[PDB]
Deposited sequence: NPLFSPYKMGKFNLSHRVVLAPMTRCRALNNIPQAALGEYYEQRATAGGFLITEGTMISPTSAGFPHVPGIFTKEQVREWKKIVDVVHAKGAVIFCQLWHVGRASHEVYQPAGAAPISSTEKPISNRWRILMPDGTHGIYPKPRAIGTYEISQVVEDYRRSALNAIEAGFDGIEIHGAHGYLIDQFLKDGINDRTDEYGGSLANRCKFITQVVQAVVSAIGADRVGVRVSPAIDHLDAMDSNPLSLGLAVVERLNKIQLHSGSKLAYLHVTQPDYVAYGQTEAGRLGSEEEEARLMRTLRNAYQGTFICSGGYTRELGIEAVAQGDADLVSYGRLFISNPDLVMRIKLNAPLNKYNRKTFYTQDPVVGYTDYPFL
């Protein structure tokens, strides 16, 4: 099983290639990591395994979900430390994902009810609804287009949050630049309609993710920085006319950051849509090797994500399409997913109803082990 052959991720020696994908679960009451998060990550931690945390706030304006953790206050860093300590006691490596939702927020989630910030003034369309603090779903409001001068202020929030993460004991950080959130709102030409130096051409649209990665790379070192992109995922109206060229342009910038710093990033993390069920239709399979194309052009560690199974993950590693395989949904309901992939044992099903609830046990830590 090539999923359990050791792999050196920069300076971290991993014993296997099964990775916990970042997953918002909304158990961090009041934006403060709670003891429940420790038991949740401790359950899934393994000796020499790689874990990525749920998206974590970098500032008071970056949230678009209820009760998601932040890492922009020393109070939050102190709570994260207790969680990271428990995870390191099991021998796992843990990165914290730095998450800013941009226009994918609501006044109820913003201080003083301010409008969310984004690259554009265009709101997410009515085809998408935001989970509200009362369990209902509401409308995405019109965001405020941040001025050219303000982009460096947001970059500074990433930089400070990476430093707070190191202060909490995290091994590294992952930049959340996928799924139509703030960074993807600058990448995709279906959203970025800016006239300034951050909009228009492909090179300009990659300016934002570049300065963000450069800022955290300089602060804590490249080998502690991972980057997650989703060029071909249309979530929250975040479509690009040419996902291939966008992906390659990002890879080009990432290779350049590594060449300038003289160090390789922790990894590149690319996620794709799950077309598992398109085989039962007449035309679902007619006609995109983007994953392999980006893997071929990138210099360093590649984590593939999106609809991967035990058999698909094995094939991906044995084929060389990726070095590590991250699992989301399966990890929600299978705390010992690593061992289950080892033994090829049956997997538990997940319950969508408790993805985003606040119970510290129900649907969170009560999925059974083998």
Comparing deposited sequence to modelled residues, the uncovered ranges are 288 to 292
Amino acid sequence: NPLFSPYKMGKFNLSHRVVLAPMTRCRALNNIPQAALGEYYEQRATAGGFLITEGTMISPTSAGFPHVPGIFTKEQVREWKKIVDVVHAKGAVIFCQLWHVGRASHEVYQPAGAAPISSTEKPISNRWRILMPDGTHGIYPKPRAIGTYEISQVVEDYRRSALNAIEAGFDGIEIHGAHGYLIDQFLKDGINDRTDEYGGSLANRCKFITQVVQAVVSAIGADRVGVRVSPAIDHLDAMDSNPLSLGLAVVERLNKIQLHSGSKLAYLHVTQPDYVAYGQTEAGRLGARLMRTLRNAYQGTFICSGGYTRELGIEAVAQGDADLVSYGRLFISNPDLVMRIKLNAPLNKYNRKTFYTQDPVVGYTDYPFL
From here on, numbers count along this sequence of modelled residues.
Comparing 221 to 229 with 113 to 121, the higher average Cα temperature factor in the PDB entry belongs to 113 to 121
Can you tell me which stretch has the higher mean Cα B-factor, 53 to 61 or 338 to 346?
-> 338 to 346
From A288, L163, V213, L187, which pick has the Cα B-factor that tops the rest in the entry?
-> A288
Maximum C-alpha temperature factor, selected from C96, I191, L254, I71 = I191
Split the chain's modelled residues into thirds by Cα B-factor; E167 lands in the middle
Select lowest, middle or highest to describe the third in which the CA B-factor of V325 falls within its chain in this entry.
-> lowest
If you rank the chain by CA B-factor, which third does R352 end up in: lowest, middle or highest?
-> highest
CA B-factor placement of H260, once the chain's modelled residues are sorted into thirds | highest
Lowest, middle or highest third: where is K90 by C-alpha B factor in its chain?
-> highest
